[PDB]
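Engineer: Dumping the structure here so I can ask a few things about it.
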Amino acid sequence: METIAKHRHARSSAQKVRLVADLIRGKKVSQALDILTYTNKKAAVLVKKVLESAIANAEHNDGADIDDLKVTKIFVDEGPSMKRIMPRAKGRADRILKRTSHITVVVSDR
Amino acid sequence: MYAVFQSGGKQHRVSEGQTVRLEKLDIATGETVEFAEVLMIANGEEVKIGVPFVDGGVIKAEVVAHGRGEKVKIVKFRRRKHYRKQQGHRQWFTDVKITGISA
Amino acid sequence: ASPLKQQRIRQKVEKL
Amino acid sequence: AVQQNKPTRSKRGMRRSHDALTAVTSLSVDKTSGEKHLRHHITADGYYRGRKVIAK
Amino acid sequence: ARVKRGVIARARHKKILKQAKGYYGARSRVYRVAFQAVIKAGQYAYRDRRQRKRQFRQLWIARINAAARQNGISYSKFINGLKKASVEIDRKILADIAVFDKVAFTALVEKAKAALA
Amino acid sequence: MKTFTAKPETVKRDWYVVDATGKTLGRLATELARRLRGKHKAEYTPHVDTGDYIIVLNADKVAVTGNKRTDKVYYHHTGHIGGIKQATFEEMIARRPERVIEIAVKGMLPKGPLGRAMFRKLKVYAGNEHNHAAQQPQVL
RNA sequence: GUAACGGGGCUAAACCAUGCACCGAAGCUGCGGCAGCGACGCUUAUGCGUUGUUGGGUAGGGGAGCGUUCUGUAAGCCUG
RNA sequence: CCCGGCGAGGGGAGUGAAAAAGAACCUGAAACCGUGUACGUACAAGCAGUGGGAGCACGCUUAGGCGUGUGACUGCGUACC
Ligand SMILES: [Mg+2]
Ligand SMILES: [Mg+2]
Ligand SMILES: [Mg+2]
Ligand SMILES: [Mg+2]
Ligand SMILES: [Mg+2]
Ligand SMILES: [Mg+2]
């Protein structure tokens, strides 16, 4: 492949991280860090190790170098809704989903 | 020249044109039998003799062609109501084509 | 060392 | 205090319309390689003139 | 002995489920379309098709009117001339000629106009 | 092959001009609108698009039926409630021949798109020549 | 909120009388096909060419079918 | 062996008929949520489909007005049980 580097669960929602990794896409690879390392919150750090991966992973599987690359595809898919139960008052329902999300990010070239 | 004649529907317009229709009545073939259909061309249409109504006289006709006498089409077409859904019927009429030897 | 190959180096050896 | 039909996917994002974060527009500082927050100076060691914390 | 009705399953459903002119939502997503969307079309096509031969009928005879009444005298008197004329009289859709071969039509107008007692 | 008459996406337009002044009133609207759709027009099957420019003039002269002139009223309603409704005379509205009295025409046609900007193709003015400011570009 | 022509508008685009023209429904007609059912020709269990004709339809009556699993069929047949 | 925090998890490499078989593991449908691309869409009224039907995107016929996603615009038109 043109080097990949997924996560797997990691725990933190679909929409929550579909956010962050929208800034990444198009340009990037060098811009990888800069625009994560600053842009705040949590979702946007569980990308800044799947990018350091998807780079060393292009210095192994792929012989490509740390300045090229592109980041031609990212998407966050819906990981298993990790379920449990909450109290409340009387009890009724506490669906409470601890929701999760796989990561996959891919860098290649022009 | 140009044209016009019926036998089910007034489809005829174009020159020879090769154009749809109905059929014979026992089963189209392909070949033909040389069945010239009968007069009605607005004296064709083209030429300074772009004559008005049809017959500038009798015997201005064309000839068959049997362009290829078949065809399906299919159209769902199935009704409904509020206590029964007859939903079940389809019924084309087959069809024959033609390339009519010009006026 | 090109400021990303640097962000590397400086750390890949703040390991060794 | 409840709806009656289901707020279709179509509308799913017609709130979401606005969010899709925006990121940066950063600059460097005369002394780090290309770091610098938008207001704090050299991350690279930490300073602006000199002895900000522990430097050179 | 068994049935595991689960094999005629989608075989029954995909069957119609394949009705995705968009439609929209479960109107081609789920079984809201059930029939309540396809059984729909499935009737709309019945009439609102069957309807066309009067929807292209009125059509022609608007043009047909505009033509002859643009040469003098309109789709009312017009047809009268035409009809009083045995072998000499054909009927619309081709009385659309007034758009590809005027003079032809304009000539028909004559023959109609003159037949007029 | 199969008939119907095509109508490109239009592909034809015009430049006519008509006075109004002559006390013809409303009856004018008709061929002022059919000719805005396609009457005289015996080609270009409408129903989908079509058109045909016109430009009426002055308008501040059209005898109007019989008594109508004094009485006919219009009613706008602003809907900003406060209990609206705005009765107004022909007499009083002919004190401003804009959108109206000449836009007793936008009501003689389709409405919705098509019939929408199928009527802006009218153009009004209230004094023919002298301030027929419109495109001089060739009329009839 | 005009709001007691549906509207735009009509002094005819209203009313009385009279008359021709035309628009108009799945009605009828034309034409290609389906089925049920009496006749003609022909062959000939038959059918099939034609032909008269009938097929809006809830409770329900009646009549043909469709496919799912298992069963001999069968150590037959498909099948790496 | 590589990224990682001596983690999760993942990328190479090995195995092997196969790892699209990786252990949450056979086949892997549905509801539901993403990423790619094409048409449509910011003067426009309603069970959202129907009949038209332009135009674009696309494959086409030594024209012959075609297949496909699309569907501006315009005749009807208030799901079922
Ligand atoms: Mg009819
Ligand atoms: Mg029945
Ligand atoms: Mg029953
Ligand atoms: Mg599997
Ligand atoms: Mg628009
Ligand atoms: Mg269509």
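We label chains A, B, ... in the order they appear in the structure tokens, count residues from 1 in each chain, and number ligands from 1 in the order shown.
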Compute the set of chain A residues within 7 Å of chain D, using only C-alpha atoms, and express it as an MDAnalysis selection string.
Structural biologist: chainID A and resid 19 23 35 39
Engineer: So which residues are near ligand 4, meaning at most 8 Å away with only C-alpha atoms (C1' of nucleotides) and all ligand atoms counted, given back as a ChimeraX atom specification?
Structural biologist: /H:21,25-28
Engineer: With only C-alpha atoms and all ligand atoms counted and 12 Å as the cut-off, give the residues of chain F in contact with ligand 5, each with its shortest interatomic distance in Å and the pair that gives it, as a Markdown table.
Structural biologist:
```
| residue | atom | partner | partner_atom_place_in_ligand_line | distance |
| --- | --- | --- | --- | --- |
| F:112 | CA | ligand 5 | 1 (Mg) | 11.3 |
| F:113 | CA | ligand 5 | 1 (Mg) | 8.2 |
| F:114 | CA | ligand 5 | 1 (Mg) | 10.0 |
| F:116 | CA | ligand 5 | 1 (Mg) | 10.5 |
| F:117 | CA | ligand 5 | 1 (Mg) | 10.1 |
```
Engineer: Would you mind exporting N, CA and C atoms of the selected residues as a PDB file, in the first residue's frame?
Structural biologist:
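Output (out-v4.pdb):
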```pdb
ATOM      1  N   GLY F 112     -45.392  30.803  -9.799  1.00  0.00           N
ATOM      2  CA  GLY F 112     -44.322  29.850  -9.541  1.00  0.00           C
ATOM      3  C   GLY F 112     -43.178  30.254 -10.453  1.00  0.00           C
ATOM      4  N   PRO F 113     -42.059  29.504 -10.457  1.00  0.00           N
ATOM      5  CA  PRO F 113     -41.001  29.842 -11.417  1.00  0.00           C
ATOM      6  C   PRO F 113     -41.571  29.851 -12.825  1.00  0.00           C
ATOM      7  N   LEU F 114     -40.727  30.039 -13.831  1.00  0.00           N
ATOM      8  CA  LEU F 114     -41.242  30.160 -15.183  1.00  0.00           C
ATOM      9  C   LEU F 114     -42.199  31.334 -15.148  1.00  0.00           C
ATOM     10  N   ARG F 116     -42.904  32.825 -13.038  1.00  0.00           N
ATOM     11  CA  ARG F 116     -42.217  33.762 -12.155  1.00  0.00           C
ATOM     12  C   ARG F 116     -41.553  34.821 -13.019  1.00  0.00           C
ATOM     13  N   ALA F 117     -40.264  34.640 -13.292  1.00  0.00           N
ATOM     14  CA  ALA F 117     -39.526  35.595 -14.107  1.00  0.00           C
ATOM     15  C   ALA F 117     -39.960  35.533 -15.572  1.00  0.00           C
TER      16      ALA F 117
END
```
Engineer: As a PyMOL selection string, please: every residue in chain D that DSSP puts in helix (DSSP H, G or I).
Structural biologist: chain D and resi 9-16
Engineer: Taking the DSSP assignment computed from this structure's backbone, write out as a count of residues only all residues of chain A that belong to strand (DSSP E or B).
Structural biologist: 13
Engineer: Find the residues near ligand 6. Use a cut-off of 12 Å, count only C-alpha atoms (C1' of nucleotides) and all ligand atoms, and write them as number ranges by chain.
Structural biologist: E: 21, 45, 49; H: 50-53, 70-71
Engineer: Those same residues, written as a PDB file, in the first residue's frame with N, CA, C and O atoms (P, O5', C5', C4', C3', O3' and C1' of nucleotides)?
Structural biologist:
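Output below, filename result.pdb:
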```pdb
ATOM      1  N   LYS E  21     -35.040   5.914  -7.394  1.00  0.00           N
ATOM      2  CA  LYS E  21     -34.905   7.131  -8.216  1.00  0.00           C
ATOM      3  C   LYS E  21     -34.625   8.264  -7.236  1.00  0.00           C
ATOM      4  O   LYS E  21     -35.190   9.364  -7.303  1.00  0.00           O
ATOM      5  N   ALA E  45     -48.013   6.146 -12.190  1.00  0.00           N
ATOM      6  CA  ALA E  45     -47.663   5.797 -13.557  1.00  0.00           C
ATOM      7  C   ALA E  45     -48.895   5.314 -14.324  1.00  0.00           C
ATOM      8  O   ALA E  45     -48.967   5.464 -15.546  1.00  0.00           O
ATOM      9  N   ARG E  49     -49.777   8.485 -16.547  1.00  0.00           N
ATOM     10  CA  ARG E  49     -49.344   8.092 -17.887  1.00  0.00           C
ATOM     11  C   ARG E  49     -50.573   8.102 -18.798  1.00  0.00           C
ATOM     12  O   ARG E  49     -50.694   8.956 -19.673  1.00  0.00           O
TER      13      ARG E  49
ATOM     14  P     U H  50     -41.453   8.205 -10.055  1.00  0.00           P
ATOM     15  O5'   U H  50     -42.735   8.672 -10.895  1.00  0.00           O
ATOM     16  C5'   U H  50     -43.925   7.900 -10.850  1.00  0.00           C
ATOM     17  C4'   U H  50     -45.131   8.482 -11.582  1.00  0.00           C
ATOM     18  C3'   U H  50     -44.927   8.980 -12.999  1.00  0.00           C
ATOM     19  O3'   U H  50     -44.888   7.907 -13.948  1.00  0.00           O
ATOM     20  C1'   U H  50     -46.089  10.601 -11.836  1.00  0.00           C
ATOM     21  P     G H  51     -43.940   7.999 -15.266  1.00  0.00           P
ATOM     22  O5'   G H  51     -44.528   9.290 -16.021  1.00  0.00           O
ATOM     23  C5'   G H  51     -45.866   9.249 -16.545  1.00  0.00           C
ATOM     24  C4'   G H  51     -46.101  10.372 -17.534  1.00  0.00           C
ATOM     25  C3'   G H  51     -44.837  10.904 -18.184  1.00  0.00           C
ATOM     26  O3'   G H  51     -44.480  10.135 -19.323  1.00  0.00           O
ATOM     27  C1'   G H  51     -46.166  12.699 -17.432  1.00  0.00           C
ATOM     28  P     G H  52     -43.015  10.278 -19.928  1.00  0.00           P
ATOM     29  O5'   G H  52     -42.695  11.818 -19.841  1.00  0.00           O
ATOM     30  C5'   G H  52     -42.468  12.423 -21.078  1.00  0.00           C
ATOM     31  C4'   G H  52     -43.108  13.789 -21.124  1.00  0.00           C
ATOM     32  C3'   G H  52     -42.217  14.915 -21.615  1.00  0.00           C
ATOM     33  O3'   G H  52     -42.169  14.902 -23.049  1.00  0.00           O
ATOM     34  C1'   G H  52     -43.350  15.560 -19.666  1.00  0.00           C
ATOM     35  P     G H  53     -41.058  14.054 -23.824  1.00  0.00           P
ATOM     36  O5'   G H  53     -39.736  14.740 -23.257  1.00  0.00           O
ATOM     37  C5'   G H  53     -39.630  16.125 -23.512  1.00  0.00           C
ATOM     38  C4'   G H  53     -39.135  16.922 -22.320  1.00  0.00           C
ATOM     39  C3'   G H  53     -37.647  16.810 -22.072  1.00  0.00           C
ATOM     40  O3'   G H  53     -37.000  17.689 -22.965  1.00  0.00           O
ATOM     41  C1'   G H  53     -38.883  16.956 -20.053  1.00  0.00           C
ATOM     42  P     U H  70     -30.535   9.119 -10.646  1.00  0.00           P
ATOM     43  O5'   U H  70     -29.887  10.502 -11.120  1.00  0.00           O
ATOM     44  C5'   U H  70     -28.764  11.100 -10.433  1.00  0.00           C
ATOM     45  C4'   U H  70     -28.471  12.519 -10.909  1.00  0.00           C
ATOM     46  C3'   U H  70     -29.729  13.379 -10.882  1.00  0.00           C
ATOM     47  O3'   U H  70     -29.841  14.012  -9.580  1.00  0.00           O
ATOM     48  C1'   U H  70     -28.656  13.532 -13.017  1.00  0.00           C
ATOM     49  P     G H  71     -31.250  14.144  -8.807  1.00  0.00           P
ATOM     50  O5'   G H  71     -31.909  15.160  -9.863  1.00  0.00           O
ATOM     51  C5'   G H  71     -31.281  16.412 -10.162  1.00  0.00           C
ATOM     52  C4'   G H  71     -31.847  16.932 -11.460  1.00  0.00           C
ATOM     53  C3'   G H  71     -33.346  17.238 -11.393  1.00  0.00           C
ATOM     54  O3'   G H  71     -33.666  18.571 -11.736  1.00  0.00           O
ATOM     55  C1'   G H  71     -32.838  15.992 -13.265  1.00  0.00           C
TER      56        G H  71
END
```
Engineer: Residues near segment 25-32 of chain E, anyone? I mean within 12 Å using only C-alpha atoms (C1' of nucleotides), not counting same-chain ones fewer than 6 positions away, as a PDB file with N, CA, C and O atoms (P, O5', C5', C4', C3', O3' and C1' of nucleotides), in the first residue's frame.
Structural biologist:
```pdb
ATOM      1  N   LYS D   6     -39.129  12.312  12.790  1.00  0.00           N
ATOM      2  CA  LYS D   6     -37.693  12.117  12.948  1.00  0.00           C
ATOM      3  C   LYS D   6     -36.831  13.043  12.086  1.00  0.00           C
ATOM      4  O   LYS D   6     -36.777  12.898  10.865  1.00  0.00           O
ATOM      5  N   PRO D   7     -36.159  14.004  12.739  1.00  0.00           N
ATOM      6  CA  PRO D   7     -35.155  14.919  12.187  1.00  0.00           C
ATOM      7  C   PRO D   7     -34.156  14.198  11.291  1.00  0.00           C
ATOM      8  O   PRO D   7     -33.064  13.825  11.717  1.00  0.00           O
ATOM      9  N   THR D   8     -34.554  14.027  10.040  1.00  0.00           N
ATOM     10  CA  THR D   8     -33.801  13.270   9.052  1.00  0.00           C
ATOM     11  C   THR D   8     -32.316  13.601   8.982  1.00  0.00           C
ATOM     12  O   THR D   8     -31.885  14.683   9.382  1.00  0.00           O
ATOM     13  N   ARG D   9     -31.542  12.651   8.461  1.00  0.00           N
ATOM     14  CA  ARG D   9     -30.128  12.869   8.184  1.00  0.00           C
ATOM     15  C   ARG D   9     -29.980  14.226   7.548  1.00  0.00           C
ATOM     16  O   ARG D   9     -29.130  15.016   7.932  1.00  0.00           O
ATOM     17  N   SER D  10     -30.820  14.485   6.557  1.00  0.00           N
ATOM     18  CA  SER D  10     -30.776  15.739   5.847  1.00  0.00           C
ATOM     19  C   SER D  10     -30.544  16.869   6.832  1.00  0.00           C
ATOM     20  O   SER D  10     -29.688  17.725   6.623  1.00  0.00           O
ATOM     21  N   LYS D  11     -31.306  16.879   7.915  1.00  0.00           N
ATOM     22  CA  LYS D  11     -31.158  17.947   8.881  1.00  0.00           C
ATOM     23  C   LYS D  11     -30.037  17.628   9.851  1.00  0.00           C
ATOM     24  O   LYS D  11     -29.537  18.511  10.541  1.00  0.00           O
TER      25      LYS D  11
ATOM     26  N   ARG E  10     -34.871 -11.126   1.979  1.00  0.00           N
ATOM     27  CA  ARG E  10     -34.639  -9.956   1.149  1.00  0.00           C
ATOM     28  C   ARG E  10     -35.006 -10.253  -0.299  1.00  0.00           C
ATOM     29  O   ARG E  10     -35.328  -9.344  -1.062  1.00  0.00           O
ATOM     30  N   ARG E  12     -37.588 -11.248  -1.201  1.00  0.00           N
ATOM     31  CA  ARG E  12     -38.928 -10.694  -1.315  1.00  0.00           C
ATOM     32  C   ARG E  12     -38.820  -9.181  -1.275  1.00  0.00           C
ATOM     33  O   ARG E  12     -39.607  -8.474  -1.893  1.00  0.00           O
ATOM     34  N   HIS E  13     -37.825  -8.692  -0.548  1.00  0.00           N
ATOM     35  CA  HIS E  13     -37.746  -7.274  -0.241  1.00  0.00           C
ATOM     36  C   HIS E  13     -36.882  -6.492  -1.208  1.00  0.00           C
ATOM     37  O   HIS E  13     -37.341  -5.530  -1.827  1.00  0.00           O
ATOM     38  N   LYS E  14     -35.628  -6.886  -1.328  1.00  0.00           N
ATOM     39  CA  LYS E  14     -34.806  -6.283  -2.342  1.00  0.00           C
ATOM     40  C   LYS E  14     -35.719  -6.138  -3.547  1.00  0.00           C
ATOM     41  O   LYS E  14     -35.817  -5.066  -4.122  1.00  0.00           O
ATOM     42  N   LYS E  15     -36.433  -7.209  -3.880  1.00  0.00           N
ATOM     43  CA  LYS E  15     -37.408  -7.200  -4.974  1.00  0.00           C
ATOM     44  C   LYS E  15     -37.946  -5.808  -5.332  1.00  0.00           C
ATOM     45  O   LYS E  15     -37.856  -5.376  -6.479  1.00  0.00           O
ATOM     46  N   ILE E  16     -38.502  -5.109  -4.351  1.00  0.00           N
ATOM     47  CA  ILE E  16     -39.045  -3.779  -4.588  1.00  0.00           C
ATOM     48  C   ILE E  16     -38.063  -2.762  -4.090  1.00  0.00           C
ATOM     49  O   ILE E  16     -37.830  -1.746  -4.738  1.00  0.00           O
ATOM     50  N   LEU E  17     -37.499  -3.055  -2.923  1.00  0.00           N
ATOM     51  CA  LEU E  17     -36.457  -2.239  -2.347  1.00  0.00           C
ATOM     52  C   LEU E  17     -35.681  -1.586  -3.485  1.00  0.00           C
ATOM     53  O   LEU E  17     -35.397  -0.401  -3.439  1.00  0.00           O
ATOM     54  N   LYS E  18     -35.396  -2.329  -4.548  1.00  0.00           N
ATOM     55  CA  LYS E  18     -34.814  -1.705  -5.730  1.00  0.00           C
ATOM     56  C   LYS E  18     -35.853  -0.789  -6.368  1.00  0.00           C
ATOM     57  O   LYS E  18     -36.467  -1.116  -7.378  1.00  0.00           O
ATOM     58  N   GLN E  19     -36.070   0.349  -5.715  1.00  0.00           N
ATOM     59  CA  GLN E  19     -36.831   1.472  -6.262  1.00  0.00           C
ATOM     60  C   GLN E  19     -36.226   2.764  -5.708  1.00  0.00           C
ATOM     61  O   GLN E  19     -36.717   3.370  -4.749  1.00  0.00           O
ATOM     62  N   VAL E  38     -43.417   2.991  -3.596  1.00  0.00           N
ATOM     63  CA  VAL E  38     -43.313   2.340  -4.891  1.00  0.00           C
ATOM     64  C   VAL E  38     -44.696   1.990  -5.368  1.00  0.00           C
ATOM     65  O   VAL E  38     -45.027   2.180  -6.530  1.00  0.00           O
ATOM     66  N   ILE E  39     -45.508   1.476  -4.454  1.00  0.00           N
ATOM     67  CA  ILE E  39     -46.906   1.207  -4.755  1.00  0.00           C
ATOM     68  C   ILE E  39     -47.509   2.533  -5.160  1.00  0.00           C
ATOM     69  O   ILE E  39     -48.471   2.594  -5.930  1.00  0.00           O
ATOM     70  N   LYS E  40     -46.928   3.600  -4.631  1.00  0.00           N
ATOM     71  CA  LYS E  40     -47.294   4.919  -5.079  1.00  0.00           C
ATOM     72  C   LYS E  40     -46.983   4.973  -6.571  1.00  0.00           C
ATOM     73  O   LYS E  40     -47.809   4.577  -7.384  1.00  0.00           O
ATOM     74  N   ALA E  41     -45.796   5.441  -6.934  1.00  0.00           N
ATOM     75  CA  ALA E  41     -45.436   5.502  -8.336  1.00  0.00           C
ATOM     76  C   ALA E  41     -46.302   4.486  -9.050  1.00  0.00           C
ATOM     77  O   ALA E  41     -47.044   4.812  -9.973  1.00  0.00           O
TER      78      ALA E  41
ATOM     79  P     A H  30     -26.216  -4.830   3.396  1.00  0.00           P
ATOM     80  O5'   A H  30     -27.467  -4.847   4.399  1.00  0.00           O
ATOM     81  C5'   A H  30     -28.820  -4.994   3.915  1.00  0.00           C
ATOM     82  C4'   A H  30     -29.874  -4.698   4.981  1.00  0.00           C
ATOM     83  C3'   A H  30     -29.708  -3.398   5.763  1.00  0.00           C
ATOM     84  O3'   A H  30     -30.150  -2.263   5.009  1.00  0.00           O
ATOM     85  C1'   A H  30     -30.182  -5.114   7.258  1.00  0.00           C
ATOM     86  P     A H  31     -29.402  -0.848   5.042  1.00  0.00           P
ATOM     87  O5'   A H  31     -30.061  -0.184   6.341  1.00  0.00           O
ATOM     88  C5'   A H  31     -31.469  -0.135   6.475  1.00  0.00           C
ATOM     89  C4'   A H  31     -31.937  -0.157   7.919  1.00  0.00           C
ATOM     90  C3'   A H  31     -31.417   0.928   8.855  1.00  0.00           C
ATOM     91  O3'   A H  31     -32.146   2.153   8.738  1.00  0.00           O
ATOM     92  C1'   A H  31     -31.265  -1.180   9.909  1.00  0.00           C
ATOM     93  P     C H  32     -31.557   3.375   7.897  1.00  0.00           P
ATOM     94  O5'   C H  32     -30.283   3.784   8.758  1.00  0.00           O
ATOM     95  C5'   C H  32     -30.525   4.345  10.024  1.00  0.00           C
ATOM     96  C4'   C H  32     -29.275   4.357  10.863  1.00  0.00           C
ATOM     97  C3'   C H  32     -28.098   5.119  10.277  1.00  0.00           C
ATOM     98  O3'   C H  32     -28.257   6.517  10.445  1.00  0.00           O
ATOM     99  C1'   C H  32     -27.370   3.059  11.089  1.00  0.00           C
ATOM    100  P     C H  47     -45.429  17.248  -2.174  1.00  0.00           P
ATOM    101  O5'   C H  47     -45.404  15.757  -1.571  1.00  0.00           O
ATOM    102  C5'   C H  47     -46.206  15.389  -0.432  1.00  0.00           C
ATOM    103  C4'   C H  47     -46.223  13.883  -0.186  1.00  0.00           C
ATOM    104  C3'   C H  47     -47.301  13.074  -0.928  1.00  0.00           C
ATOM    105  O3'   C H  47     -46.730  11.972  -1.687  1.00  0.00           O
ATOM    106  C1'   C H  47     -47.241  12.507   1.380  1.00  0.00           C
ATOM    107  P     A H  48     -46.837  11.802  -3.290  1.00  0.00           P
ATOM    108  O5'   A H  48     -45.482  12.496  -3.751  1.00  0.00           O
ATOM    109  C5'   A H  48     -44.259  11.938  -3.246  1.00  0.00           C
ATOM    110  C4'   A H  48     -43.083  12.905  -3.321  1.00  0.00           C
ATOM    111  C3'   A H  48     -41.674  12.331  -3.062  1.00  0.00           C
ATOM    112  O3'   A H  48     -40.859  12.266  -4.259  1.00  0.00           O
ATOM    113  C1'   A H  48     -42.004  14.470  -2.047  1.00  0.00           C
ATOM    114  P     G H  49     -39.565  11.320  -4.280  1.00  0.00           P
ATOM    115  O5'   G H  49     -40.139   9.988  -4.943  1.00  0.00           O
ATOM    116  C5'   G H  49     -40.473   9.948  -6.322  1.00  0.00           C
ATOM    117  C4'   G H  49     -41.795   9.222  -6.444  1.00  0.00           C
ATOM    118  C3'   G H  49     -42.431   9.189  -7.829  1.00  0.00           C
ATOM    119  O3'   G H  49     -42.028   8.028  -8.581  1.00  0.00           O
ATOM    120  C1'   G H  49     -43.852  10.319  -6.404  1.00  0.00           C
ATOM    121  P     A H  79     -52.374  10.662  -0.285  1.00  0.00           P
ATOM    122  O5'   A H  79     -52.106   9.742   1.002  1.00  0.00           O
ATOM    123  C5'   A H  79     -50.804   9.684   1.604  1.00  0.00           C
ATOM    124  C4'   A H  79     -50.032   8.413   1.265  1.00  0.00           C
ATOM    125  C3'   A H  79     -50.692   7.119   1.715  1.00  0.00           C
ATOM    126  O3'   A H  79     -51.165   6.485   0.544  1.00  0.00           O
ATOM    127  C1'   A H  79     -48.561   7.390   2.784  1.00  0.00           C
ATOM    128  P     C H  80     -52.581   5.746   0.541  1.00  0.00           P
ATOM    129  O5'   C H  80     -52.256   4.760   1.736  1.00  0.00           O
ATOM    130  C5'   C H  80     -52.481   3.405   1.546  1.00  0.00           C
ATOM    131  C4'   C H  80     -51.538   2.675   2.460  1.00  0.00           C
ATOM    132  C3'   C H  80     -52.326   1.892   3.468  1.00  0.00           C
ATOM    133  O3'   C H  80     -52.757   0.755   2.806  1.00  0.00           O
ATOM    134  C1'   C H  80     -50.505   2.967   4.497  1.00  0.00           C
TER     135        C H  80
END
```
Engineer: Given only C-alpha atoms as the basis, pick out the residue of E:63, E:91, E:102, E:2 nearest to chain B.
Structural biologist: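 Smallest distance to chain B is found for E:91.
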Engineer: Counting only C-alpha atoms, a student should be able to say which residues of chain E come within 8 Å of chain F; what is the right answer, written as a list in words?
Structural biologist: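 Here is what falls inside 8 Å: residues 56, 59, 62, 63, 64, 65, 66, 67, 69, 70, 93, 96, 98 and 99 of chain E.
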Engineer: Distance limit 9 Å, reference ligand 2, atoms considered: only C-alpha atoms (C1' of nucleotides) and all ligand atoms. Which residues make the cut? Give them as an MDAnalysis selection string.
Structural biologist: (chainID B and resid 86) or (chainID G and resid 55:57)
Engineer: At a cut-off of 10 Å around ligand 1, and using only C-alpha atoms (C1' of nucleotides) and all ligand atoms, what residues come up? Please write them as JSON, numbers by chain.
Structural biologist: {"E": [50, 51, 52, 53, 54, 55, 57, 58], "G": [24, 25, 26]}
Engineer: Restricting the output to C-alpha atoms (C1' of nucleotides), write the selected residues as a PDB file, in the first residue's frame.
Structural biologist:
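Dumped everything to selection.pdb:
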```pdb
ATOM      1  CA  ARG E  50     -52.792   7.116 -19.246  1.00  0.00           C
ATOM      2  CA  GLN E  51     -53.335  10.894 -18.928  1.00  0.00           C
ATOM      3  CA  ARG E  52     -50.702  11.850 -21.488  1.00  0.00           C
ATOM      4  CA  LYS E  53     -52.716  11.202 -24.640  1.00  0.00           C
ATOM      5  CA  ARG E  54     -54.888  14.164 -23.483  1.00  0.00           C
ATOM      6  CA  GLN E  55     -51.837  15.983 -22.138  1.00  0.00           C
ATOM      7  CA  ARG E  57     -53.608  16.261 -27.195  1.00  0.00           C
ATOM      8  CA  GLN E  58     -54.445  19.685 -25.761  1.00  0.00           C
TER       9      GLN E  58
ATOM     10  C1'   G G  24     -63.723  18.361 -23.329  1.00  0.00           C
ATOM     11  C1'   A G  25     -64.166  11.411 -19.546  1.00  0.00           C
ATOM     12  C1'   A G  26     -61.065   5.532 -19.147  1.00  0.00           C
TER      13        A G  26
END
```
Engineer: Interatomic distance between atom CA of residue 68 of chain B and atom CA of residue 30 of chain B?
Structural biologist: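 Computing it gives 5.1 Å between the two atoms.
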Engineer: Using only C-alpha atoms (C1' of nucleotides), which chain G residues lie at most 9 Å away from chain F, written as a ChimeraX atom specification?
Structural biologist: /G:1-2,7-11
